[PDB]
There are 6 protein chains.
Amino acid sequence: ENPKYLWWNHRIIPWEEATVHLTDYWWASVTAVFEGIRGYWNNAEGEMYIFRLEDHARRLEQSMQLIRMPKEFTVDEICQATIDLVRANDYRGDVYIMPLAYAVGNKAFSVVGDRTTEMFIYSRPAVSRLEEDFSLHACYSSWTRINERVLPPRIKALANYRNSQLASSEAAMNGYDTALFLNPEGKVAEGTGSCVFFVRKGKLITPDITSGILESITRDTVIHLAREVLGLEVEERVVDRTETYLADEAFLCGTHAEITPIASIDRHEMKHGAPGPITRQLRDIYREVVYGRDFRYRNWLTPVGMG
Amino acid sequence: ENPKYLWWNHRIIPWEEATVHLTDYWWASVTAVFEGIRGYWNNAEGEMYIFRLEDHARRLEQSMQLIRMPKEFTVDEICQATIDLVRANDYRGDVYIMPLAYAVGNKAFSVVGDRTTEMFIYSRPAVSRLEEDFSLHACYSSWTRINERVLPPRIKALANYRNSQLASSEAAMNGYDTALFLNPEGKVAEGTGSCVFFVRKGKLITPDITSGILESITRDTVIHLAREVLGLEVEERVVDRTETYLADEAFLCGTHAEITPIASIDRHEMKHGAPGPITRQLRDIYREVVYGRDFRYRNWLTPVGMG
Amino acid sequence: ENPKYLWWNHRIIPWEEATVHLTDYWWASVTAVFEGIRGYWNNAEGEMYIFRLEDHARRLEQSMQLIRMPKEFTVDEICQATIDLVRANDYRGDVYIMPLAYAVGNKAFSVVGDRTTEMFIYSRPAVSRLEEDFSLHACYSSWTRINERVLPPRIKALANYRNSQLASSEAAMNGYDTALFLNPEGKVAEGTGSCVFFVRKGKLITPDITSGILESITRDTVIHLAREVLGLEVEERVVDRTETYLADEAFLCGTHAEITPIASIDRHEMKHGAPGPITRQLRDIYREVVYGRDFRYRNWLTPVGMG
Amino acid sequence: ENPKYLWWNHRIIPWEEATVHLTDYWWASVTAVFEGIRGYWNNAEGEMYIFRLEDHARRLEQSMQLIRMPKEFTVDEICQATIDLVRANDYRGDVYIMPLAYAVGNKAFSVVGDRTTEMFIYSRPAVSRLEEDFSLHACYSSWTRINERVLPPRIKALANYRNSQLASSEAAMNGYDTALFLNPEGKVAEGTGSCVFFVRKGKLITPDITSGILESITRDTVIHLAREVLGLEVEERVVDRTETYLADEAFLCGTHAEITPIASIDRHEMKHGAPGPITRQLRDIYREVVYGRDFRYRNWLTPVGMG
Amino acid sequence: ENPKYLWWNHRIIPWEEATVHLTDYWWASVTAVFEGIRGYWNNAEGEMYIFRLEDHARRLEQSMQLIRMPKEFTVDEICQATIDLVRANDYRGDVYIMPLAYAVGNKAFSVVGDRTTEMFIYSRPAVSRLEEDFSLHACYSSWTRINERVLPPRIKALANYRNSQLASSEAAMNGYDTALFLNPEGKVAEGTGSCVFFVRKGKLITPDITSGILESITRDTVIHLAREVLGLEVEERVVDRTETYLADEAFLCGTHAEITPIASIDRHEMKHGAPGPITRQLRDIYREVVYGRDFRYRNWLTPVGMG
Amino acid sequence: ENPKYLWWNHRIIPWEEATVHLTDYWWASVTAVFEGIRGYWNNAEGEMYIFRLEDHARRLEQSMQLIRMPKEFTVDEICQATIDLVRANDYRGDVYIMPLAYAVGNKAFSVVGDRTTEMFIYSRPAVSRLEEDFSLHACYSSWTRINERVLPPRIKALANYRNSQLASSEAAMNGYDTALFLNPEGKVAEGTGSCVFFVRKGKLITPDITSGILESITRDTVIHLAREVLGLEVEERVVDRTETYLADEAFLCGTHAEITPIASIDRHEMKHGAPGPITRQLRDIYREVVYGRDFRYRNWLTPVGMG
Ligand SMILES: Cc1ncc(COP(=O)(O)O)c(CN)c1O
Ligand SMILES: Cc1ncc(COP(=O)(O)O)c(CN)c1O
Ligand SMILES: Cc1ncc(COP(=O)(O)O)c(CN)c1O
Ligand SMILES: Cc1ncc(COP(=O)(O)O)c(CN)c1O
Ligand SMILES: Cc1ncc(COP(=O)(O)O)c(CN)c1O
Ligand SMILES: Cc1ncc(COP(=O)(O)O)c(CN)c1O
Ligand SMILES: [Cl-]
Ligand SMILES: [Cl-]
Ligand SMILES: [Cl-]
Ligand SMILES: [Cl-]
Ligand SMILES: [Cl-]
Ligand SMILES: [Cl-]
Ligand SMILES: [Cl-]
Ligand SMILES: [Cl-]
Ligand SMILES: [Cl-]
Ligand SMILES: [Cl-]
Ligand SMILES: [Cl-]
Ligand SMILES: [Cl-]
Ligand SMILES: [Cl-]
Ligand SMILES: [Cl-]
Ligand SMILES: [Cl-]
Ligand SMILES: [Cl-]
Ligand SMILES: [Cl-]
Ligand SMILES: [Cl-]
Ligand SMILES: [Cl-]
Ligand SMILES: [Cl-]
Ligand SMILES: [Cl-]
Ligand SMILES: [Cl-]
Ligand SMILES: [Cl-]
Ligand SMILES: [Cl-]
Ligand SMILES: [Cl-]
Ligand SMILES: [Cl-]
Ligand SMILES: [Cl-]
Ligand SMILES: [Cl-]
Ligand SMILES: [Cl-]
Ligand SMILES: [Cl-]
């Protein structure tokens, strides 16, 4: 049913001890920021590898700074709590870990810095699809992405996802698997829960960070692997809607989404299939990295030996 | 400490029975919509008057429709639950009532229509300031209001308030009481938790609804009272920033905020004071209406006799 | 197969005489403007009624002025040619008439005033659906309406319809009957080939002309009939996307489209059905006007007696 | 008068056989896309060189995909038809070739994918000005360029040219030779029928493709020649209006326009003349390439031996 | 050569006494705001009539408040100084009066409230053209009007006129008499030194104040006279570019410009001439008002008897 | 009190001879453009070093060209006049020099090319803070930066500073030292009188020139020194608001401002202090360059030997 433990406000506690009142956190949720972190289980080594844990912890501390949450937790404490929780839950398999920080008050929605900062970390089993060949059909949404003027997409805020839900609900009702956003200027931004890459003429293209997107750690990883392992040109730039319709390949990338091939965009089929040849290479390389089977990228992994 | 009861998913329950898990509602909160409703206690009559309850219930049903929450609760059930909760709590004094609806799943942030719709209603004591002469100093925020392109302000969504908090935190750190927003086109919108009115040359001016604001019930009330009781001209129109600096009077209006006079905007003082003469008249008329002391507007009140 | 005649460059000619070269008009088409005009056949009177012919002729002369076509044809000549063509074709039934004006040169796409102005008028049988109860399911498009900055929608230019086709192709591939547009500011504009009306709380709402729409003659007609015959309030104003989801009724209006009820918008159902009660009244009144069965509006009709 | 032949729907036919009805293609023209291709005659070799034919054919297939025209013609068939038509016309001199594809139906303007795809190719004599020293006086237009939100400029659609004509008519009435566009954000885009380059401090500057321009093949050619033959720095970037007023040199480039020097922009004279020194070098190099007198760039030429 | 006197910092002084250093006011000019006021000489009465002096004085006090100039001068003092200067100059003829207020410091361009407020008033002969039938040819500028986001056009600031000069220089170099502006949204704003009115179908149309214009006193005057004397409908609303091309009449209005008919806009001729029939009526009525020959509007005039 | 001399219209004159009338230059100021130039006194060498004089003179000639001032002064004459004035004033200490050019007429605000071009140069003592460790607290303004659509920020126009003053007055009233601007798209632009740099992860970031900023000579200098002396990566790119809150260091740069460290931005503290380590290095290197103590950059200095 539930994991054995969670982490909450500087301590590991049994799951059933984290009882609260229905009314306690609705106002707090408007302040909340979070991370998505994966642990990949290597049965041959008896080790969980938590992927880019310090980078995720640093981004959570940045998000919390941008919300104006008083300082309460450090990067090293978030890292250590994650390791301690994954070991104590004693689940030997792939996991998805969600640290979530919030400021509690004003049970009252419309100032953050007068509130107290709290955090929990919740680790649950989650399967990987990196051994599976699958693809999604995407649409561009009629709803525009949040931007720096109103709700900065650099901040990984729960509230941002209300805009994600406009797009993801439209995609589902209109017969698509997933939605991509345009920014207010009409340029390509990101997906509802991932960044997007395009392959054309043997090069990788992705919206630059100032297109109004999350600074995706899976995006950064893919840029490094594409340049370093495959020797590909990668362009971080402004990207137009119609050029993406002509892509040879496309894929989403994100911690939960891993590397998710895109078969079509607004019913324009990616010419080289899904996963196409370069996407297949990147998904296979990414898989060997996160499972601790590529020594070149060991510095990205935090091992948790579970004996 | 706490009210005796709350209402949750079609039943009144004792407060202490509404226990839940820490992890239960974070994803749900991204779907959530809510109302703010006041009950005003008339000790002479032994009656609570809930103000424009059906209008609030109808707006909540509209918000829930716009989020795409499956149909579960009706307008008549929301009204009746509110009456039943205010009576059962047996608190003979002014209250603030928050119905909050949410869709629960995907404990997973980035489709609503596959989720189940839930709701609670929480009524707590809240004082009125309508017998008090006070005023606030406002600033226009450096942060822009959400708009129809990204997060429609007609929908009373919890997530909208992340944008309110950008502005309200800036106002507090910059030495102001409260913030006003501009919309993306640079026109005046609303406050962080209220609509705004301006008085100039004996007429009332307020941003039109398509300026990108909540369709405030207190705004509608004030328009009716200004025209019907005081015989004033009221203009619902596009409003510019600099014209508001020259206002004779200004005020916020909202269910929680009631009628809150504004003394200055970006350190431009309202010429006729705060509350100025017309604001004083409207605050006094509004007070006599909501306490059940003006028979002309009885159709706005839901009485709860508490014997 | 084909009508007996058409009108071309100041004369009626037999259909088969209007032969031209494949290469003759591609460049000309970028300059072209047109009208849609209906003739309604009244078998009891032996008369075709051409609806608001002078208004259509005047708009065509305005469009041609805005394209900068040299003066060649007058309003009275367009009216007379239409009457002469409908009589000479000797088709006793409902028709749709398309005058189309173009400037020919530079067989060369990227100045109009150095070109010669030409025009034809093509009248063909077209059925009316005004005795039929039917409705369409609409979506708002991901593609934005043309605006005054780039391609003024007041000008009834053929080229405008490339933007209509972006939206109408998306609607069809996404399982809708018809598309509605937002303008660049995110406000409701028009349909791909019609204006749109909304009914809420017993009043009619339609985007104002400066929302970036054609100055629809069917729109003007409906405003007059709603105010004069039904006594309804009609608001020409800025209209938001989400308010239209809450409409009691909605309908398209246009010369070809007549009055076309809308059952839903982005899968939000119009509460009072389609045709709803007010839409039904307007469609029935409009039908009695255009068939010459309402003497109050005779001044809108041009009769062509066909003996 | 006319060329001997044209190509239409998979066959070469005598010119006089391509007769059609006046009414046949007006609706089709709203779907239409096209290319401009030059053939350069080398009398010493008895060979026509068609410049970058496969690149033009590929762009036409992309445009047709973006319009959603059913698949009917291939890249290899467009190339072969062009070669076959230039040879069969037996005109030994410079030509301009226009393939034009259209979808025919709905003789009815406001879905493409239900239509049948057709195409013709029209080759006519056209002189080169590459041995001539001439320059144009440009203005920036008061009319804004089409953008991805409304009418993507990557698609070489006939309808786009209605926006070109707003600008080119203004330039002519205001005493200029040619117009340049700003995009909606106010940045430099393209000319009405060409891309634009600027020379300042010995480097070449041109608007990046996401400024909202056609992906000009003459632009690509000029970038290659500037870097490879002249060793110049070339910057593809966002370009401001006022910086272009300070350019040392400027020029248009396009298939029909070739390399067309600009003497002034809004009556600011280019400091180094027109053609200035670098423009002269590029025009001379481009001329030697397209006439088959530079073996380094042979892979750009398709020779048609005409004996 | 020069007037006898000017007014400066609370006193009338002989002209030749207002000597200053070249370097004294360049930084001050960035803070400066001003008014334009006319005096009309009635030789039959021996009286100068200063038109709407208190309204001009009030707008200057508003401009100075918006710049944040410390309070130094009152409305009554500005009025009295104007009267005193026009009498002391002893010029019996039409005048144009410029009060100009500035804040002096930081001889240092990039805080106002730490500066001292100063003002002068300069009255000079200026002829009226209200007995003359003349018209101007206008263009819409390629340069956009200042808006509330960057430089509010309600404030009558000297610096605003740098944007006026972009447009007025373009008009002159492009062979027009005068320029009209579009605002950033592409809607009609104002002229470079006047507001604009359009006449179509017997009604008057003018951009609403929130289109981003000065709140012109001549505009207000014309609205009153059109409604009260002529019984015309006047619409203050958003106005589109292309509708103005179809106007029957058009005119500029402003204190210096008086009522200046517009013959054409971007070489579209106003159908009913310039001055057209309604413009002629308004110019004649305005003339009889400002010369003290219409008792209905005496309350607009400040008489200065000069014996 | 005052310097001995100034330069005006091709000649050096004693200060007291530059007397003018109060009314002479208000209209002229709307046309005016200027430069800020520093002279740094090296007592050991007996030499003033004027920093990048030719670059400043060239930018002034560009500004004057963009205003459309008739040609009157050359770059070499501006350079020589500056040298001649600094020597003749015989002030042996640090100076700030302001050339200011204006066009005089139409004493009449709303065409430049019909006016006569004039210029003065004013040199005054000004201290350097380059031996001082100090920092400023910045805010982002609620007022937007001027852009190419309305008032190009490349032109160093006096009128631009009205927009600077909106921001600098807000910063002062809101308890900050200095203001930073966003451009209309919401991206980081410049300060009110300087460009801005950010340091993060050991690299330098600054808004690209097309973000809507002055082409700062101190910015160019800092880019050269950072790359050439320190070997740092420098990124000229679009910059977001929230990324700047996370900067390790930040600083303003400009001729008057020199290198001015920023301690915080909207009350987000720069992690590595102010001046932080890289800022300290750049300020020290810049100081040794401008005082003639670094032979590598001698070509930037104009020496004036004062014996
Ligand atoms: C909106 C959005 N964008 C991008 C991503 C991908 O980010 P990361 O690779 O760091 O998981 C996510 C998932 N966190 C997301 O929710
Ligand atoms: C953003 C916002 N705007 C306006 C209002 C005022 O709305 P009402 O008068 O219906 O309470 C509120 C309070 N609900 C609000 O939060
Ligand atoms: C885009 C558009 N808008 C509106 C309309 C309706 O115009 P009318 O009622 O004049 O036919 C049409 C049909 N002409 C249209 O094509
Ligand atoms: C709008 C536009 N832009 C650019 C170009 C230049 O494109 P190319 O060099 O591929 O001819 C053209 C001519 N096809 C054009 O019409
Ligand atoms: C920009 C602008 N707009 C409008 C006007 C007209 O204003 P008024 O009628 O008050 O003179 C003027 C002249 N003051 C002006 O300069
Ligand atoms: C607005 C603005 N921006 C930037 C700068 C810095 O420019 P520079 O380094 O050339 O002095 C200045 C000072 N001239 C300025 O006023
Ligand atoms: Cl578990
Ligand atoms: Cl990398
Ligand atoms: Cl790379
Ligand atoms: Cl994730
Ligand atoms: Cl597909
Ligand atoms: Cl209680
Ligand atoms: Cl009312
Ligand atoms: Cl009213
Ligand atoms: Cl509330
Ligand atoms: Cl104040
Ligand atoms: Cl027929
Ligand atoms: Cl009507
Ligand atoms: Cl009405
Ligand atoms: Cl039609
Ligand atoms: Cl539905
Ligand atoms: Cl031929
Ligand atoms: Cl290259
Ligand atoms: Cl290069
Ligand atoms: Cl071409
Ligand atoms: Cl020139
Ligand atoms: Cl005088
Ligand atoms: Cl009035
Ligand atoms: Cl009226
Ligand atoms: Cl004036
Ligand atoms: Cl004309
Ligand atoms: Cl000195
Ligand atoms: Cl460099
Ligand atoms: Cl670098
Ligand atoms: Cl400076
Ligand atoms: Cl701080």
Side-chain angles (χ1 to χ4, degrees), chain A residues 33-38 51-53 55-60 62-63 96-100 145-146 151-165 167-168 178-181 183 189-197 206-207 209 211-223 251-260 286 290 300, chain B residues 27 30 108-110 135-139 175-177 245 247 250 262-270 273-274, chain C residues 204 206 219-236 297, chain E residues 65 68 71 113 233, chain F residues 173-174:
Chain A
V33 298
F34 76 104
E35 281 293 333
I37 311 178
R38 276 187 182 263
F51 191 63
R52 296 188 67 169
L53 176 53
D55 294 331
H56 280 281
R58 192 137 31 243
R59 188 171 71 187
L60 183 65
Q62 293 169 5
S63 292
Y96 184 76
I97 307 149
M98 181 183 73
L100 188 156
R145 192 63 178 155
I146 53 166
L151 269 194
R154 171 172 260 97
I155 303 173
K156 191 169 165 60
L158 229 22
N160 293 358
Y161 292 84
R162 174 88 290 273
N163 176 249
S164 290
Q165 285 181 354
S168 67
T178 200
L180 302 171
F181 280 102
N183 74 14
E190 59 186 344
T192 52
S194 69
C195 284
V196 63
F197 281 81
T206 193
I209 293 163
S211 296
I213 69 175
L214 195 72
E215 197 175 359
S216 161
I217 288 162
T218 317
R219 173 189 184 288
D220 180 78
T221 302
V222 160
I223 292 172
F251 56 91
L252 303 176
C253 55
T255 297
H256 199 273
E258 306 180 294
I259 296 173
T260 290
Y286 183 77
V290 300
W300 284 330
Chain B
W27 304 271
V30 175
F109 292 112
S110 58
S135 58
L136 302 188
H137 298 287
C139 54
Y176 297 94
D177 298 302
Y245 297 160
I262 297 165
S264 70
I265 307 172
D266 289 341
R267 307 308 183 196
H268 291 289
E269 185 171 293
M270 277 57 271
Chain C
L204 243 55
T206 193
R219 173 189 184 288
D220 180 78
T221 302
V222 160
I223 292 172
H224 276 277
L225 294 176
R227 288 180 169 149
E228 293 161 8
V229 179
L230 294 183
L232 302 172
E233 147 172 19
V234 181
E235 309 178 346
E236 296 180 69
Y297 295 99
Chain E
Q65 176 188 333
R68 309 275 185 179
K71 193 67 195 186
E233 147 172 19
Chain F
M173 85 184 66
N174 289 352

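A note on names: the letters A, B, ... follow the listed sequences, proteins ahead of strands, and every chain is numbered from 1. Counting convention: from 1, in listed order, for ligands and their atoms alike. Quick note: numbers below take in every heavy atom, side chains included, and nothing from hydrogens, waters or symmetry partners.
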Query raised in the report: Is there a donor in the side chain of A/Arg162 and an acceptor in the side chain of A/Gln165, or the other way round, less than 3.5 Å apart?
Result: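 Note: A/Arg162 and A/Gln165 side chains meet the donor-acceptor criterion.
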Using a 4.0 Å heavy-atom threshold (strictly under), name the region of [X] that reaches ligand 1: side chain, backbone, both or neither.
X        : value
A/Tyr161 : side chain
A/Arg59  : side chain
A/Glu215 : neither

I'd like to check which ligand 1 atoms, numbered from 1 as shown, lie under 4.0 Å from a non-hydrogen atom of [X].
X        : value
A/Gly193 : 2 (C), 5 (C), 12 (C), 13 (C), 15 (C), 16 (O)
A/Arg145 : 1 (C)
A/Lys156 : 13 (C), 14 (N), 16 (O)
A/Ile217 : 8 (P), 9 (O), 10 (O)
A/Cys195 : 4 (C)
A/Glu190 : 1 (C), 2 (C), 3 (N), 4 (C)
A/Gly254 : 6 (C), 9 (O), 11 (O)

Are [X] and [Y] side-chain neighbours, meaning at least one heavy-atom pair lies under 4.5 Å?
X        : Y        : value
C/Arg219 : C/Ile223 : yes
A/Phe181 : A/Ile146 : no
A/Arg145 : A/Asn163 : yes
A/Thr221 : A/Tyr286 : yes
A/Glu35  : A/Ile97  : no
B/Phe109 : A/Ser164 : no
A/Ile213 : A/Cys195 : yes

Query - Closest contact, heavy atoms only, B/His137 versus B/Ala263 - result: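 Smallest heavy-atom distance, with atoms named: CE1-CB, 3.5 Å.
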Query raised in the report: Is there any N or O on A/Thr255 that sits under 3.5 Å from an N or O of ligand 1?
Result: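 Such a contact does occur with ligand 1.
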Query raised in the report: Do any nitrogen or oxygen atoms of A/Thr192 lie less than 3.5 angstrom from nitrogen or oxygen atoms of ligand 1?
Result: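 The answer is no, given that A/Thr192 and ligand 1 share no N or O pair closer than 3.5 Å.
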Query raised in the report: Nearest non-hydrogen atom to atom 7 (O) of ligand 1 belongs to which of A/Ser216, A/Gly191, A/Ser194?
Result: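 Answer by nearest heavy atom: A/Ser216.
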**Report entry** Heavy-atom gap B/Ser110 to ligand 1 smaller than 4.0 Å
**Finding:**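 Not so, B/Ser110 does not reach ligand 1.
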